[PDB]
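Visitor: got the complex split up, this is the first portion:
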Amino acid sequence: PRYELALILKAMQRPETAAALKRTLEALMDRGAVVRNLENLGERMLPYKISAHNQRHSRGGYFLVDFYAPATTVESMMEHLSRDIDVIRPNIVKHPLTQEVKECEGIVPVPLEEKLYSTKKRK
Amino acid sequence: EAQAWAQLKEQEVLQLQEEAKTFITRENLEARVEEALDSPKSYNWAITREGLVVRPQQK
Amino acid sequence: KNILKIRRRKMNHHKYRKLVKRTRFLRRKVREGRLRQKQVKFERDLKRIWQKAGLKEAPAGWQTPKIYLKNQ
Amino acid sequence: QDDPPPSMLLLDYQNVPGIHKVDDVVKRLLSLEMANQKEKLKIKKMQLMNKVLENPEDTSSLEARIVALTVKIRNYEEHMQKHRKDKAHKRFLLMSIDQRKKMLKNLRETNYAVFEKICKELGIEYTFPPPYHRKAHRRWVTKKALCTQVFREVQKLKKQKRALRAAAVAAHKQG
């Protein structure tokens, strides 16, 4: 997977939820994006109250959209989630599973350093 | 090393061939939307000092 | 220590700045007078070139620009 | 300006078997459509290093390095067209260019014909580093402008003085 879309959406009922989800996904496919999977993390009380579009929201729906999109495109996508009155906050992050795990080998111990101060017979 | 690279790229291309069937398309919109609405997946994860993982408790 | 060399400089610099304020406008007069010699000696350097190269007048299309007196 | 097409099927995926029977979704993902800019640079690199060169296999060749450098250079040229305030990159570019000119010098010393080919293909025109790097300033460039004027006036008036005598001695010799 290439890009990840963290969506926090206004807390709602079922219909308008499916509405926001689909229309957003269609914006994505519209910029040329290709969607791998769609993930709902539940609806929770947010870590803090966020102020979006003349509204300070307490609760919210949590969503994850993983997709492939071209470099040029990404900026545009953000604009489209930006003016959207129902999005409590957009973010697009380089997808976590692209990043490599190069093995933590362990702790290679750092011994005490020597030959800093010169040998002097002082006092 | 030409062998090695040929193999790797073959593995990859066939993997994306596999996941090509799993994608969300103009059709899958109504289906997948209402499917994910149904099924919350938890990413929540914890750790213990031994290195053992303990995921969220079974419900 | 070495400060005592440096301290000298400090005083010797400070005492300069003071001077440059009091003597300031006097210094402007002398300076602009000095550009007024500059541009002129430039001129003679060129006139000497016509009058060595034999032409009485300056070559066609020569206004002989003022560089030293340039401002703005 | 050249154009490594949207459908060009990323360089590391180009030579693997059974690609062209595959569905449009995966050909859309492995297209230069979804790629970083580094991949499109790998492509421009491939193409330039085939068209200009002889032995595309040699990296160590002075010539192939000249090419790759020209690629990075061109990349930085667009990048410096977009960002006009970015000094870091401007330095990258301005140095890169002189490394290229250093090694072009190195080739004009060793292999002539190949060097002439590289000049003809990539668009690089090798010019001599001049004698005496100096700072041309107002006064000097001015004095030189005048001097050139005085010169082109003196030889002109000389031509008038010699043609008056050519016309007079000719008109006396004829009748």
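Guide: Yes, it's here. Residues are numbered from 1 along each chain as shown, chains lettered A, B, ... in the order given.
Visitor: got the residue ranges for the helices in chain D?
Guide: D:24-29, D:37-51, D:62-82, D:87-110, D:112-122, D:138-174 (DSSP state H).
Visitor: So which elements touch the second one?
Guide: Read it as helix D:37-51. Packed against helix D:37-51, as judged by 3 or more C-beta pairs under 8 Å, 6 or more residues apart in numbering or on different chains; DSSP states H and E, are the following elements: helix D:62-82. C-beta: built from backbone N, CA, C; applies to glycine.
Visitor: Buried residues, the helix it packs on. List them.
Guide: Within helix D:62-82, the residues that count as buried by 16 or more other C-beta atoms under 10 Å in any protein chain shown are D:62-67, D:69-76.
Visitor: number of nearby residues for residue A:96?
Guide: Residue A:96: 9 surrounding residues under other C-beta atoms under 10 Å in any protein chain shown.
Visitor: For residue A:51, which residues are in contact?
Guide: The contact partners of residue A:51, by C-beta atoms under 8 Å, 6 or more residues apart in numbering or on different chains, come to residue A:57.
Visitor: where does it fall, helix, sheet strand or coil?
Guide: Three-state call for residue A:51 (DSSP: H, G, I helix; E, B strand; the rest coil): strand.
Visitor: That one pairs with what?
Guide: When bridges are called by DSSP bridges, residue A:51 pairs up with residue A:56.
Visitor: quick check: longest helix of chain A.
Guide: helix A:14-30.
Visitor: From chain B, how far out is the most centrally placed residue in chain D?
Guide: Nearest residue to the geometric centre of chain D (C-alpha atoms, centre = their mean): residue D:124, 3.2 Å. Note on residue D:124: its distance to chain B, by C-beta to the nearest C-beta, to the nearest Å, is 33 Å.
Visitor: isn't that residue right next to residue D:67, touching?
Guide: No: if you go by C-beta atoms under 8 Å, residue D:124 and residue D:67 don't touch, sitting 10.2 Å apart.
Visitor: Counting neighbours, what do you get for residue D:29?
Guide: Neighbour tally, residue D:29, other C-beta under 10 Å: 20.
Visitor: Likewise for residue D:94?
Guide: Residue D:94 has 11 nearby residues by other C-beta under 10 Å.
Visitor: can you pull the contacts of the residue nearest the centre of chain B?
Guide: In chain B, the C-alpha nearest the mean C-alpha coordinate belongs to residue B:19, at 9.5 Å (C-alpha atoms, centre = their mean). Residues near residue B:19 by C-beta under 8 Å, 6+ apart: residue A:36.
Visitor: add RNA strand E to the structure above:
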RNA sequence: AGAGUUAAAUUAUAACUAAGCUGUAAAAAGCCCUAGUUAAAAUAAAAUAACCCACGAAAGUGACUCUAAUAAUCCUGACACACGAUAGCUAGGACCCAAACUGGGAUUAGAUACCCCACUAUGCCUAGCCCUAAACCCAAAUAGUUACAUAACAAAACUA
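Guide: Let me put RNA strand E in with the others:
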């Protein structure tokens, strides 16, 4: 270098409550269109992580996300070429906070200061300059070696 984003704080400005609030060794001045609590954008600045030691040629760089991206099959090299912290200049914006300056209050033989109160250029953004620092790690660059060896101190001594 762009483009977007904001966590804690602060403040406009409202609503309750209190008459005091701010400030020092100690006091005055100052504000009471003040303070506390409850609400809240804009600008600015980026706790902790860091007991880390990465990146950049140096200056520098440690809030968040993405795009662009780190010269050289790699010795040295100018007065040439491109950079360069703070402060400063020019024009257009910004202004919560800080603050040269100036004005009050004290301190004092005096106080053009140290201490307090305001408040400005000025720090901030865009374009263009100016090209200076104890720009210092006061240790030139690139190969090397730990053999000879202690002026003194400090970052032990040397070849090419």
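Visitor: Once more for the contacts of residue A:51, now including RNA strand E?
Guide: Contacts of residue A:51 (C-beta under 8 Å, 6+ apart): residue A:57.
Visitor: and it, how far is that from chain D?
Guide: In terms of C-beta to the nearest C-beta, residue A:51 sits 33 Å off from chain D.
Visitor: Wait, the residue nearest to the centre of chain D touches residue D:97, no?
Guide: No: in this structure, residue D:124 is not within contact of residue D:97 by C-beta under 8 Å, at 9.8 Å.
Visitor: Based on its surroundings, how many neighbours for whichever residue of chain A sits closest to chain D?
Guide: Closest to chain D within chain A is residue A:68: 5.1 Å, counting by C-beta to the nearest C-beta. By other C-beta under 10 Å, the residues close to residue A:68 number 20.
Visitor: Residue A:5 too?
Guide: Around residue A:5 there are 25 residues (other C-beta under 10 Å).
Visitor: One more: residue A:50?
Guide: 14.
Visitor: Next up, the contacts around it.
Guide: Neighbouring residues of residue A:50 by C-beta under 8 Å, 6+ apart: A:8, A:56, A:57, A:60, A:88, A:89.
Visitor: repeat that with 6 Å
Guide: Residue A:50 makes contact with A:57, A:88, according to C-beta atoms under 6 Å, 6 or more residues apart in numbering or on different chains.
Visitor: can you give me the helices in chain C?
Guide: Assigned by DSSP H, the helices in chain C fall at C:3-22, C:24-53.
Visitor: Select, out of those, the one closest to residue B:28.
Guide: helix C:3-22 (77.3 Å; C-beta to C-beta).
Visitor: what about that closest one, distance to the chain center?
Guide: 25 Å (C-alpha atoms, centre = their mean, to the nearest Å).
Visitor: and that helix, anywhere near RNA strand E?
Guide: Yes: for helix C:3-22 and RNA strand E, the contact criterion (C-beta under 7 Å from any atom of the strand) is met by C:3, C:6.
Visitor: Please apply the same query to stretch A:69-82.
Guide: Yes: using C-beta under 7 Å from any atom of the strand, we find that stretch A:69-82 touches RNA strand E at A:71, A:74, A:75, A:78, A:82.
Visitor: Just the buried positions in the helix ranked longest in chain B, please.
Guide: Across chain B, the helix with the greatest residue count (assigned by DSSP H) is helix B:2-19. By 16+ other C-beta under 10 Å, the buried positions in helix B:2-19 come out as B:9, B:13.
Visitor: next helix or strand past it?
Guide: Sequence-wise, the next helix or strand downstream of helix B:2-19 (DSSP states H and E) is helix B:28-38.
Visitor: All set, thanks.
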